[PDB]
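Below you'll find the structure, written out as structure tokens, and then a few comments.
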Amino acid sequence: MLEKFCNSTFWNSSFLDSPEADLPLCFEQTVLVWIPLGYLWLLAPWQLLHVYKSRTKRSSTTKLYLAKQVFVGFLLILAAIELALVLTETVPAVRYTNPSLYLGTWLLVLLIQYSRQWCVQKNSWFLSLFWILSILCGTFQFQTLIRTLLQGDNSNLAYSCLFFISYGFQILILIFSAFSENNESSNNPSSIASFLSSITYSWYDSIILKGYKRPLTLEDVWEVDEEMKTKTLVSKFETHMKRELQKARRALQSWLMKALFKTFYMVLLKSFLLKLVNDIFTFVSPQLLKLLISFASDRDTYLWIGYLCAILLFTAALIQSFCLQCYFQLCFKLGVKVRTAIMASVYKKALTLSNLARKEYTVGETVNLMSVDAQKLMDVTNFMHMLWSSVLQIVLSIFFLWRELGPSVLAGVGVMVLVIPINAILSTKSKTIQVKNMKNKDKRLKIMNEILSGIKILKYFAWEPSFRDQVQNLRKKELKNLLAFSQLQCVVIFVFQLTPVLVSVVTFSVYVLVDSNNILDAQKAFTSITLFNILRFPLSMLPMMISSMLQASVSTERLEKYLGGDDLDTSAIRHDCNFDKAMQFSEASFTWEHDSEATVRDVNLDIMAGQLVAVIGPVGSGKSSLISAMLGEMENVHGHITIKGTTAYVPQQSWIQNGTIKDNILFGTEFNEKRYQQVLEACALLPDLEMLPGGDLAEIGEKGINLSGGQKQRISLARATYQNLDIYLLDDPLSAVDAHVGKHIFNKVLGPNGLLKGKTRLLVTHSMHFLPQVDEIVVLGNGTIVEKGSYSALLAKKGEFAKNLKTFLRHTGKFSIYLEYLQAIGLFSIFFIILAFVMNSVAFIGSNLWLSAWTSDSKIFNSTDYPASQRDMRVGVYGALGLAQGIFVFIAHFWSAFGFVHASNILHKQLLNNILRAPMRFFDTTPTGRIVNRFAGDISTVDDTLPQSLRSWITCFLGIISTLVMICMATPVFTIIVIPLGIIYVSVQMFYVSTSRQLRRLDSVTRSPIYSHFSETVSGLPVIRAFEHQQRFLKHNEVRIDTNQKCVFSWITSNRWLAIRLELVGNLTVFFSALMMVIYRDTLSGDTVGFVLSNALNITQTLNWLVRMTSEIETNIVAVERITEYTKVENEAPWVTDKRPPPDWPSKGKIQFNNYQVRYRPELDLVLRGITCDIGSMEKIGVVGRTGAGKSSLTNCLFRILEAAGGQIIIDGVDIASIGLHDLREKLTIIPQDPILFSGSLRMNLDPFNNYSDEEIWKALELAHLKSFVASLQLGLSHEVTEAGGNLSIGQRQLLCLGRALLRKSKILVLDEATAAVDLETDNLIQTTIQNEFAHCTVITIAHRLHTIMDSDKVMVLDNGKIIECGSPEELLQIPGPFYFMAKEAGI
Ligand SMILES: C=CC1=C(C)/C(=C\c2[nH]c(Cc3[nH]c(/C=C4\NC(=O)C(C)=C4C=C)c(C)c3CCC(=O)NCCS(=O)(=O)O)c(CCC(=O)NCCS(=O)(=O)O)c2C)NC1=O
Ligand SMILES: CC(C)CCC[C@@H](C)[C@H]1CC[C@H]2[C@@H]3CC=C4C[C@@H](O)CC[C@]4(C)[C@H]3CC[C@]12C
């Protein structure tokens, strides 16, 4: 075809037959120079016009640009000399043509390198992929010329000496091409990096070298680009969301996935051509060791075939680690981009949803549209390409298997398919025992809150074991659903790890039995064993996949129902800037529901600007409905409302955001010190701020849990007053505040002399005191304005207002942590679940090492001389090594389950049995948030997530030490290569683990603020739309998502810089081993090559999962650090001591204090400073003093809650310090200031130990006056108590506590303000019962009510930790001491 073109033979096929093969020199200069040049010249126009359009300011010429230009200049000089030496010196066309095309091209390249100067990415994929294409194409000529020269045929040294230097530049320009850091454009180097630095993710080394030294912060992670930010995603999505939704409503007389495929169809198609290439390049290696096995079988083949399959087996496995990791970033970027156009598009819809179509949603569930329905669409697009990629890796891996083992392989496939039913029935039954366990996961935590919230009371009585066994007995019913759950995940893996071992036994055992003439070779047994690994995963995830898109089809149905909802109608409310009146009602009627009668009927009302107006009426008259209509919340039946100026709104239920007091009051407005202080004093908030430790900066909890109801209302009012709007709408703002405060607020804020004098004010109030100062009063009756007028006018009319007014008036006259878990499992049980794993790695090396000794038969016997006597010891002994792994992978996976739900049983058990024995100081110091997390989020990992991670590390680590024992026993010289690779792998261990942990703990840290914020804007939505501040919240939810993307996307590309360096170590091992099966081809059998290479081909998958399961064992093993720090905290004195007192002790109830001293903490000053007193038998004593004088402190000393710093306490002649704590506590009784009641039945709260009969309990209740109330209950003593007794009145709880005291009948009783929060009638009942029933017991009373103490035999005055006076009440009253002054101040 081209013979005359070169004048030499073109493609003499015999050139590729001799032991010294070489391509014809004409072919190299005829087809290996047009592939590269053809690639460029055919494609330069696209990459030159495309850059002119996207023009940018020229960058400063850096050194690398000039150098890249000089060298391309040389290729012009060297491409011109070549032509010169031809014209100057009969030559063929090829001798002067190809030289010219270099000059023509090198100019074009010299220009394209100049054009990139006006682009962000200097070294694009175009010219950085033409050097590769011209170095792997111009290297077949760097050998033909060099081989020719070495034979003394230096008759072409002119053309050769040029090519040997021109080719030395293409491999030097490429090196300069990879480097691209020539600016700081883009805060992230992701967009300035070159091609060879964007496919290997080598621009990510800066983050890793930064997080390895320090702890990463949100600033060390660069922001995402502009094409990925939220304000841009919600822009592209919007134009498609509405169009499909628009036509979706057309057919009404499913739209979300049409508006999500259209928005991203340049990433579904861009990453569809990389999963398709990855599938083409995944069956190359399985079909490329079929030659290294045949090659090693024969010692006659040529060496050049040996090294050409050891290079294409490393160059075709290097392109598949880039076409893949460059595909995993296109799929994992479309997930964080499909949950950001749905997160940021649900928020934007929360602010414009008709409240008629919002009451059907609950704030607890509308928030879940961002937490489970928008993250179930993030996890479906991450692997949405396995719908066709797992049907193409199956249709192919079954075809390539068929070509080798024929129809017999259907038996092999028939086994894997029969695992799909087992992988879908043990996954369903796994969810059942998981969700079924959520009941005991929650109700277990519910109780723990009660124990911690009220531990002080729990320690007063001997109720510790009562509650210690309540949780323990409540946990055994959870482990049984855990031990039975860890056995359903160690059987779904055991059937996945043993799948390739069972198919290999069935397939061969049927190939060599179903028919004679079938003999195994190394080209059938070892190239099909590595074909059962390509088909293992695609065929063992379909049940898990198609059950995860059908689960995401019920979530897209929710968003499709929320986003495509109705919109609030504001047509009724008109806004006119020229309107004379501030507000006006023109026959306006509003109804909450279209099917419900209007709550506001034909209201005609006109309001002038600046007027203070009050609306009054009976409860349920529609007052709150009127204010709702003003905001546009209520639906219009007929009429309209005209409004002029901005509107402020104060809800009856005050809505407080999460943040500081200063933040809520400002509400996004600039801070003005002068105005801000004026509002606080006007709002009477200064006293409130002073009490708070942080003042105006004090952080507000969820829904103002730290603030009182009256407080919240003032803050809500302060917010409106500060904002300074034209119209004010108030909904009973003074109901929750005191009368005097209301007067101050009204006079300084709402009244004619207040701050809002010049602004229109509407005040819906139930208080009739402010009406005389109101400009106009409106009376609402049955949804209609019954009467309207000024205060004096209404009184004269003698209407309903006067009638109601008269009615109102008539009523007014590290490795330690890794051991603590490991020891808990039982070191004995750890020897048998690591010996049974290593014995599986010894039946694996034996199972394949036996197959290499089986395929050797083909080289000895044949189809004729292969007896059944010898053909059965092979298929038999292989069927015994195929179940010798099935009784060590099953004996090591069950015994592991029993060892991981027993270490959890003995970690919670110790923790719960230690904090319950901790000194009171420990509980007060640490917040309840911590102690309740060591049972919520920590014991929830030691149970479920840590067991599954330590099991996949032992099975992985032994999966690589076994594969390094096969690769090494064949060629021992390979051992010296592992050391260079081990350092590379160990160095990647340190860098990835250090930085991957810090980035997925910066993901959860800022994953909730998206949701926590979403609760605020949806619960307090009506307030936001009132101020028109619904546009500073979109920008506040497009900034709480952009702060997550920067942390989620910075972790997605941290498993890419890894997967490319661990698929370059397990891929550099299938090379440095396949390249020693050719050097030593004279000693290695054909069988041994498959025995070694068929394993090394899957050392890249196993190396990744040993470095990712080494990262979860470092992020989850933190849990065991906290569960152990608390378990080893200091404890109180032993509950029971050898020196038990007599059973009747105490007999007289005498108490003696001897210079007693106590301090709350070692670092805090003494609370009591030498207390010395004697209390006689049956002596009634009252304790009085100023707050903080140590009154309540004395009680703690009696119960030994606070250990003595000095002195001693003796009861009935025995020092309490020598007695066990419980023995002392069971014989003392205290009625607490706060009557805390735990959840459960009344019987349990009264007698948790169940040591008493119902009759005694009923008798105690009768003495407590609670018999009637308890009898009235349907369940009686079995009546359930809510948390903290929220269903019982404060007096009822206190009476119930009295029931506890009357039951115990202790000789010593202590009353600590038992009647501070008790009404007089119940207080007298308590006193009467105490006086009668406890007349024969020593009673010590602490009370702020002196009259309750005048009956005491003696009264002690405590001040600053010292007893000043001690005597009878009469004697003290005669002496003008502190007691006299307090009694005088009390009116006595
Ligand atoms: C857990 C949710 C879930 C997922 C994520 C899922 C699909 C799915 N699951 C996995 C991971 C996976 N799981 C298993 C075993 C199981 N699969 C189960 O459903 C169960 C219960 C088990 C437990 C035995 C294996 C063996 C692998 C890795 C497989 C592999 O090596 N792939 C190479 C690339 S290729 O094959 O795709 O070409 C992948 C591969 C993605 C990957 O390579 N790494 C994860 C992302 S990244 O780290 O790189 O950033 C995919 C597409 N199906 C599901 O139900
Ligand atoms: C979302 C959660 C529940 C799933 C993630 C857990 C994954 C990463 C775990 C679960 C089971 C694990 C596999 C268990 C056993 C083997 C066989 C071994 O020779 C290679 C690794 C491999 C294939 C493990 C890789 C990691 C693995 C796939």
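Those letters in the sequence shown? Residues 1 to 89, 95 to 258, 308 to 867, 963 to 1537, per the deposited numbering, in order. Ideal Cβ positions, reconstructed from N, Cα and C, are used throughout, including at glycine.
Residue i and residue j closer than 7 Å at C-beta
{"i": "residue 781", "j": "residue 814", "result": "yes"}
{"i": "residue 1499", "j": "residue 1515", "result": "no"}
{"i": "residue 1348", "j": "residue 1321", "result": "no"}
{"i": "residue 428", "j": "residue 397", "result": "yes"}
{"i": "residue 1503", "j": "residue 1330", "result": "yes"}
{"i": "residue 1472", "j": "residue 1478", "result": "no"}
{"i": "residue 548", "j": "residue 33", "result": "no"}
{"i": "residue 818", "j": "residue 772", "result": "no"}
Separation of residue j from residue i, as counted between CA atoms
{"i": "residue 192", "j": "residue 231", "result": "11 Å"}
{"i": "residue 625", "j": "residue 420", "result": "26 Å"}
{"i": "residue 128", "j": "residue 182", "result": "6 Å"}
{"i": "residue 509", "j": "residue 1279", "result": "17 Å"}
{"i": "residue 1310", "j": "residue 684", "result": "58 Å"}
{"i": "residue 1071", "j": "residue 1337", "result": "21 Å"}
{"i": "residue 768", "j": "residue 854", "result": "32 Å"}
{"i": "residue 173", "j": "residue 1244", "result": "38 Å"}
{"i": "residue 502", "j": "residue 525", "result": "8 Å"}
Other residues of its chain near residue i: CB distance less than 7 Å, five sequence neighbours each side excluded
{"i": "residue 198", "result": "185 and 208"}
{"i": "residue 1448", "result": "1395, 1409, 1410, 1413 and 1415"}
Helix, strand or coil at residue i according to DSSP, with G and I counted as helix
{"i": "residue 552", "result": "coil"}
{"i": "residue 454", "result": "helix"}
{"i": "residue 811", "result": "coil"}
{"i": "residue 1323", "result": "strand"}
{"i": "residue 658", "result": "strand"}
{"i": "residue 1440", "result": "helix"}
{"i": "residue 853", "result": "coil"}
{"i": "residue 712", "result": "coil"}
{"i": "residue 642", "result": "strand"}
{"i": "residue 1515", "result": "strand"}
{"i": "residue 636", "result": "coil"}
{"i": "residue 785", "result": "strand"}
{"i": "residue 356", "result": "coil"}
{"i": "residue 1505", "result": "strand"}
{"i": "residue 801", "result": "helix"}
Cut-off 8 Å between Cβ atoms - residues of its own chain near residue i, not counting five sequence neighbours on either side
{"i": "residue 100", "result": "86"}
Neighbourhood of residue i by C-beta distance below 6 Å, restricted to the same chain and skipping five residues each side
{"i": "residue 629", "result": "697"}
{"i": "residue 91", "result": "No coordinates exist for residue 91 in the structure shown, because the numbering of the chain passes directly from 89 to 95."}
{"i": "residue 1273", "result": "969"}
{"i": "residue 1095", "result": "1265"}
{"i": "residue 715", "result": "750 and 752"}
{"i": "residue 1090", "result": "1265 and 1268"}
{"i": "residue 1101", "result": "1258"}
Contact test: residue i Cβ vs ligand 3 heavy atom, cutoff 6 Å
{"i": "residue 599", "result": "Ligand 3 is not among the ligands present in this structure, which contains only ligand 1 and ligand 2."}
(request) Could you tell me which uninterrupted alpha helix (DSSP H) segments, each at least 4 residues in length, are contained entirely in the stretch 1148-1210, listed from first to last along the chain? (result) 1157-1168, 1170-1176, 1183-1186 and 1191-1201
(request) Return the chain-ordered ranges of every alpha helix (DSSP H) run that is complete within the stretch 1205-1253 and spans a minimum of 4 residues. (result) Listed in chain order, the complete alpha helix (DSSP H) runs (minimum 4 residues) inside the stretch 1205-1253 are 1205-1211, 1218-1221 and 1235-1245.
(request) Quick one: which unbroken beta strand (DSSP E) runs of 3-plus residues sit fully inside the stretch 1443-1481? Chain order, please. (result) Qualifying beta strand (DSSP E) stretches, in chain order: 1457-1461.
(request) May I have a chain-ordered list of the alpha helix (DSSP H) segments no shorter than 4 residues that lie completely inside the stretch 372-446? (result) Within the stretch 372-446, the complete alpha helix (DSSP H) runs of at least 4 residues are 376-387, 394-404, 417-420 and 422-425.
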